[PDB]
Amino acid sequence: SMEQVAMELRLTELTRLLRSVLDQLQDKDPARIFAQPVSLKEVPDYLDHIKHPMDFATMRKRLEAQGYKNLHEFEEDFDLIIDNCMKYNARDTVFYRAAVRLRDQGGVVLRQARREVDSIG
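Residues numbered from 1 in each chain as written, not as in the entry; some residues may be left out. Heavy atoms only, no water. Residues with missing side-chain atoms left out of burial classes, pairs and counts.

- The record names X-ray crystallography as the way this model was obtained, at a resolution of 1.5800 Å.

Here you go:
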């Protein structure tokens, strides 16, 4: 149907906007701490601690499959990256501190993304 096509164009355009958001958030992680999944070879107990692992490469795979229907879904995955790290790692670690700085810096990007998503529809 033509309606299905229009819906698909909306999804494609959301995917465009979320790709730009993802790039901007990942720039706030210049150490690349959150770039890839925590390795279960190197942290064998990780899934005993963290039930839903997340990282920027995993988000990018979902994004490119147009697997985010709305900004809320995308934000959920970004918050997992931060929240998982702040639980597994102690306050005094470079990992925890990186997550705090990512959260704080990412807030700005996400605040305007929300206005753009609502604005453009």
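Section: the nonpolar core
- With 27 residues, the main nonpolar core has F56, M59 and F74 as its most contacted residues.
- Elements with a minimum of two residues in this core: α1 (2-27), α3 (56-64), α4 (71-88) and α5 (94-120).
- A per-element tally of this core places α5 first, with 8 residues. (Core = buried A, V, L, I, M, F, W, Y, C linked by side-chain atoms within 4.5 Å. Buried < 20%, exposed > 50% of the residue type's maximum accessible area, 1.4 Å probe, protein only. Helix = DSSP H or I, 4+ residues; strand = E, 2+ residues; numbered from the N terminus.)

A look at the packing of α4 against α5
- As a packed pair, α4 and α5 sit with axes 9 Å apart at the nearest point and diverge in direction by 165°. Regarding the angle of α4 to α5, the classification is roughly antiparallel. Taken as a pair, α4 and α5 cross one another with a handedness that is left-handed. In this structure, α4 contributes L71, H72, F74, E75, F78, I82, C85 and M86 to the contact, and α5 contributes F95, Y96, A99, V100, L102, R103, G106, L110, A113 and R114.
- Among the residues forming the contact of α4 with α5, the class breakdown is 13 nonpolar, 2 polar and 3 charged. (Axes fitted to C-alpha atoms, helices over the stretch in contact; angles between N-to-C directions. Parallel < 35°, antiparallel > 145°, perpendicular 65-115°, else oblique. Left-handed = near helix turned anticlockwise from the far one by under 90°. Contact = heavy atoms within 4.5 Å. Nonpolar A, V, L, I, M, F, W, Y, C, P; charged D, E, K, R; others polar.)

A word on the side chain of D29
- Inspection of the secondary structure assignment puts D29 in the loop between α1 and α2 (46-49).
- Here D29 sits buried without a salt bridge, and the closest side chain of opposite charge, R32, lies 6.6 Å off (N-O distance).
- A distance of 2.9 Å separates a polar side-chain atom of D29 from the backbone nitrogen of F34.
- Apart from the residues lying within four places of it in its own chain, the contact partners of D29 are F34, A35 and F56. (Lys, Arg positive; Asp, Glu negative; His and termini not counted. Salt bridge = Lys/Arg side-chain N within 4 Å of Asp/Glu carboxyl O. Polar contact = N/O pair within 3.5 Å; in protein donor to acceptor, adjacent residues only side chain to side chain.)

Details of α5
- Its 27 residues place the ends of α5 38 Å apart at the C-alpha level, agreeing with the 39 Å of an ideal helix rising 1.5 Å per residue.
- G121 lies just past α5 and shows a positive phi near 80°. (Expected span 1.5 Å × (residues − 1).)

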